[PDB]
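Letters A, B, C, D, E, F, G and H mark the chains in the order given here, with residues in each chain numbered from 1 onward.
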């Protein structure tokens, strides 16, 4: 026979080692598979679908989690007030824990890419007004008022015509950004129409978003 | 020599493992085989031959098993009476335990396919009459009378001309059907001819019948 | 190295097993054979006389 | 002081059943186990079975598999035993003994 | 075209006629063991005292149209229990005295004899053995349906068996 | 199945002598053996368990020994309160088969 | 980074401990095959509905203290529907249709593979692959405590119908039965 | 489903236990080769008359308690017609025409193969392949109890002449000798 000597690493079991074992039943023929709609080749497909974040998170809303989905806007708010401000880190606990992206980022350590945030206006049809959506670059400071947040990345959202926009976060890394919603014009309502509206926030990952170094939690 | 390390699974014996052993006698020449009629390549050939079921199964026939083979038909029976009714599951104990198909299905767990049932009339030549052979689809109910069994799968068997027919069970699965024999016309007999006849039931598996997951009993 | 697992039948000695052993003297050259009359290829030749 | 009090003897018609129960006191019931021993005539001893009331799991002798049936009540701290299909030779003496701590070994005191 | 070929493939030449068995209502069954039962018949009488031959057997029953019944004829290679032209009688036709049930007897080559539409049946079987030159196979004829007839008719129905050996090499 | 018997059938030992009693087992338990004292009309109690350690209420006169399949119980000396019978115990496997029993007398 | 690490195959690829079996001074332990045994590997499979996967098993035997003894053990697989052994001397251990793996403690851990056992095209989580049986060979007890652990990998992963994850903690084993918020809180809306 | 599982080859393929040999504190045990030893694998072969098969054998040695001891044993095959050994020191063990397999208890089970031994073209069930011999090497007794089990597979299955199965239970070993109905019963004909 061909002479050989056992090298170090014999008689061991490695959990990440991919071997080829011996089938218990050599003559068993399994049921042939059929085409099943909704097939997923990679976890990137699950991260690209839009899901609802929680911007309304508060100690008072613990009893009624249904109000956590949306945040109110009313006629009482004046020009220049800050409606909502939240940091976006997919991994950390917060508004991003409810989305499917933040949950899939818990099984992984290093993730990076670009993100997207979508808003929806469920208010009355005859209501009109403008909303300032600003994003502070990572490492900056919180905008003090409306005029200091216009110098950075911003988009004007007017629900009198366009009901939704897409804010693209340029870059994120974990080895964060500041999304603030400012009041531009006061909420305009006619007679008989509701004086309080709700806005639902959605988010989805882009194609350049990558992940690695699997770690269980 | 070529260095190698023993992977997990060394020094074990698997009952389903197909190896190549060392012949005890290296120079022994066995007797060369010759052509033997009646060769069987697969167990499907044994299931396709027709065999006799037991429809006459009763507590009284235990002393004389010879009467179990056939079931009587007489002039006393009127129109609309149920001659015989039996479920067909090849595996379960019952009329299908006597056939070679039911015995081969005992060594296997999952079997499916189509079946066939054949009847034979051993009665007198000058006798005439009609017989209703009905099959209830799996999951239905037992037919109450003759008129409710005609709506389903049925065949008219008249032994005045055709002495046998083939009833094909469309589908069976194990993860049953109802075969009933109803009286259509009364048994017609002339003078001097026997007033009681016997009918023998035969059954055979079809080509689409498959079996797997061998389990001993 | 190429991973492998020992199948049943390792560390045994079979009397009818034909192997290839290691020569004790690697450099010894035996005497070359010469043609010897009366050679027998098979025991059938002895039975036919 | 550990004390186990049994019931009184009964007269059973052959073919009927019997209810045997003996209360336990002086210790904690559920942490330990219970056993039964039959003394056949004239002099012999045989181990009927045992019950450990944490699951409850039990083990019986091969011959008593189809006769003896055991159950326990942890509210009154008692142990019960049922015997069915009594025959003429089934007359014997039964004992109530407490076993080890989650163990059937360590011979009963 | 009722010729039944076994297993799908194929002064010495003449028709040997055995005895005619009387088959009544209370009967059970008969069986013959080839070649042994044929060794005392005709030219083979002094021949048997190696043989390679195929066997062609004919089973004919003469009965009127007023009777009723059915028989079963089959060829079982190496049939061992657990004999002259008279044959023998099975004491337990259900197990055929083999301990083997009668319902599965149809696995072997067979032809149904029904007194209604057919008065005769035949089975052509070749020689099957591990050694080509040598109780090869028995012939089992047993009624599935017993005889029933009105009083005044003939109570005995003769059953004849004729042996016609084909391709005989001695 | 596990099976064991004692030897001999019965003994007679007066007060103040040595009692040698043995019970042999077919298989080897290696560990556990117990002895029980059962008088007339009363229930047994534990004396010596695991062939070595003795239970409460038992004096130093009772001492066990033996290893493997050969065990013994040495009683030195005998007292007038020791009258009764002895048994043996095996924890090796279920079900447990007890001893045959041996009766004591006074010479 | 490439797409190979986030792929469906590498997400179920890493091995895990699916069972813990301990034999005191019983003799045989029957363990049913389940992937729902522990919290890990459970939440991951509820992300999907239909799943088709081959099963790879690993048999690791040891004592409570860790030392190895030259004792021979038997590892048998019981297909679905086959009767379970009631004891060590029973008939189920001599059954020919139940495969067996004879390994010792000095023998490095054996690896067996179970093909797809379901009659359907894929498993439905919202699943019985059969059960095992393990005993020490011989008609007598073995004076050694055996504590073994079974490792299970997943080969040839196929996925369908992605489902939303379950935020609430699990109650029972066979059913997904005081509601808890899926995210943390903060005192105000404008606070970071 | 495919036709590969129901094929004649895969029906006899699975291994089984054909023997149980126990040596008390004798020294040698001679066991004759028979496939009729147990109920399983017996009823299966009576379905057919002529059968041609190679034989694969497995020698597994252990103690009653299961622990392994470094003791050397001898496994010898005796062809049909050869004399059987009458003792351990006899001449049959030094015979050159009787093959031997030298294995230890730590040595994993050896596997030997027996070709077709019959002078005819196929076996007739309605069959002696020879006998074995096993002893412990040395001129002195070995202070260890040896209990071994032999596993037997079947390679290159060939079948002829399908026969009806035997419904009645077996009586003796060499002959297929109170008749029992092959099926269950019911109180009426029209009842389900």
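Note that in this section a contact is a pair of C-beta atoms (placed from the backbone, for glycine too) under 8 Å apart; a residue touches a chain by one contact, two chains touch by 3 or more.
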For this session: Based on which chains touch which, give the shortest step count from chain B to chain F.
Result: 2
Problem set entry | Least hop count linking chain D to chain G through chains in contact | 2
Seminar exercise, completed: In terms of CA centroids, furthest away from chain E sits chain A
For this session: Determine which of the two chain pairs, A-G or C-H, is joined by the larger number of C-beta pairs in contact.
Result: A-G
For this session: Going through B-H, A-H or B-G one by one, find the pair whose contacts repeat those of A-G for over half of the pairs by residue number.
Result: B-H
Problem set entry | Central subunit by CA centre of mass proxy | G
Exercise. Using CA atom averages as chain centres, what separation in Å is found between chain E and chain F?
Worked result: 76
For this session: Using mean C-alpha positions as chain centres, tell me how far chain D is from chain E in Å, no decimals.
Result: 68
Problem set entry | Distance from the mean Cα position of chain G to that of chain E, given in whole angstrom | 61
For this session: Scan chain H for residues touching two or more other chains and write them down.
Result: 1-2, 5, 7, 10, 13-15, 40, 50, 58, 60, 99, 108-109, 111-112, 118, 120-122, 160-162, 164-165, 167, 179, 182
Exercise. What parts of chain F, by residue number, touch at least two of the other chains?
Worked result: none
Seminar exercise, completed: Multi-chain touching residues of chain D, meaning two or more other chains, are 105
Problem set entry | Chains grouped in pairs wherever the two touch, ordered by label | A-B, A-C, A-G, A-H, B-C, B-E, B-G, B-H, C-H, D-F, E-H, F-G, G-H
Seminar exercise, completed: Listed in rising order, the residues of chain G that touch chain B in the complex are 58, 79-82, 95-104, 107-112, 119
Seminar exercise, completed: In their shared complex, chain B is touched by residues of chain C numbered 1-10, 14, 16-18
Seminar exercise, completed: chain C residues touching chain A in their complex are 1, 3, 19-20
Problem set entry | Of all residues in chain E, those that touch chain H in their complex | 76-78, 80, 82, 92, 94-95, 98-101, 103-105, 107-108, 128, 130-131
Problem set entry | chain B to chain H touching residues, read off their complex | 11-13, 15-16, 18-19, 21-25, 28, 30-34, 36-46, 54-59, 61-62, 65, 68, 71, 82-87, 93-95, 97-98, 100, 103, 107-108, 110, 112, 142, 178, 210-214, 216
